[PDB]
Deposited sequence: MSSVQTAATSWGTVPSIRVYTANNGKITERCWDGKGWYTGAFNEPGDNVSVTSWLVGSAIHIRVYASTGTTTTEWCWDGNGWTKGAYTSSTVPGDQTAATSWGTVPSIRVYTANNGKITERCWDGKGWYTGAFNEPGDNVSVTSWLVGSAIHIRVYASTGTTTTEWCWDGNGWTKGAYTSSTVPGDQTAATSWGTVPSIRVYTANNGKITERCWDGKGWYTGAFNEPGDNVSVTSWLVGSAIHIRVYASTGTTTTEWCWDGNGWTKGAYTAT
């Protein structure tokens, strides 16, 4: 493959970060807990990976969706070892909210994106069905109400929007190429959204802050992209993991331009 494929999540304000990399059929994990990157416990087969996580109090819960073929296995971290989850259904994208939690997993397969849903009481097939060869997702809560944005790429990236009772076509536009791969993050209540697109070896960034999409400052090489972000008070921090070949570079936004991070594969 022209590059490894990554997925990233983060929690708290330290923060802790976990980056999962699929390389030649194996997924491994690099970890940050404030004091240097290190190799994590996670090791499972897969050509494709997505991740979501949530806190209950101080306890992290992580779900990693590892795909080989149309067989996607969910791996669970709930404080004591990676365990096999109940998910059944590929390129995937995952999001979660609340503390139950609710999870949504989107799978692009043979040009179609479909959705699997967990609301505490088993997996079911969701209402979402849209064309796409590649999918990314982000979501946010506004009080009790969930908002989901799915970025479906075919031939053009279309944004699909859930805001309480149905999927609607969003205002997102970009300049894309066939085969493009995206990653998305969001923060606050407006919200702000950032969508990163890898198009023929270049990653660019489209931005929403409440009143239209604009082209962001991020511009770095890569065939594959993942992203995570966290707030410290009102200040956003973003980490973008850009891969070309087996080289993954972390790019950092901490309020004052994009800078190179300490991330290594080691």
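**Q** Relative to the deposited sequence, which regions have no modelled C-alpha positions in the structure?
**A** In sequence order, the gaps with no modelled C-alpha are 90-94, 161.
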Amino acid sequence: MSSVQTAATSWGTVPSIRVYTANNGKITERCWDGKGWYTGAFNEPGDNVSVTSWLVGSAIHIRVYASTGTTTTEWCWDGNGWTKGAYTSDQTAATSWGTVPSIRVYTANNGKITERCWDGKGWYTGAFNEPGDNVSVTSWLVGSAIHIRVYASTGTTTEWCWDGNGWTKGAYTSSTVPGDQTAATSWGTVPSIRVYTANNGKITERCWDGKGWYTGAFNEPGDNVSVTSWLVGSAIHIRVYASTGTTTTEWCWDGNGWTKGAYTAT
From here on, numbers count along this sequence of modelled residues.
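**Q** Would 186-194 or 169-177 have the larger average of its C-alpha temperature factors, as given in the entry?
**A** Higher mean C-alpha B-factor: 169-177.
**Q** Pick between 63-71 and 43-51: the one whose mean CA B-factor in the entry is higher.
**A** If you average the C-alpha B-factors of 63-71 and of 43-51, the larger mean comes out for 63-71.
**Q** Out of 240, 27, 31, 232, which shows the largest CA B-factor listed in the entry?
**A** The C-alpha B-factor peaks, among 240, 27, 31, 232, at 232.
**Q** Could you check 142, 113, 94, 76 and tell me which one carries the biggest Cα B-factor in the deposited entry?
**A** Result of the comparison over 142, 113, 94, 76: 142.
**Q** Classify residue 125 as lowest, middle or highest third according to the C-alpha B-factor given in the PDB entry, relative to its own chain.
**A** Its C-alpha B-factor, which the entry lists for residue 125, ranks in the middle third among residues of this chain.
**Q** Compared with the other modelled residues in the chain, in which third is the CA B-factor of residue 98?
**A** As the PDB entry reports it, the C-alpha B-factor of residue 98 lands in the middle third of its chain.
**Q** Which third, lowest, middle or highest, does the C-alpha temperature factor of residue 88 belong to within its own chain?
**A** Middle third.
**Q** Ranked by Cα temperature factor within the chain, is residue 7 in the lowest third, the middle third or the highest third?
**A** Lowest third.
**Q** Can you work out whether the C-alpha temperature factor of residue 204 puts it in the lowest, middle or highest third of the chain?
**A** For residue 204, the deposited C-alpha B-factor lands in the middle third.
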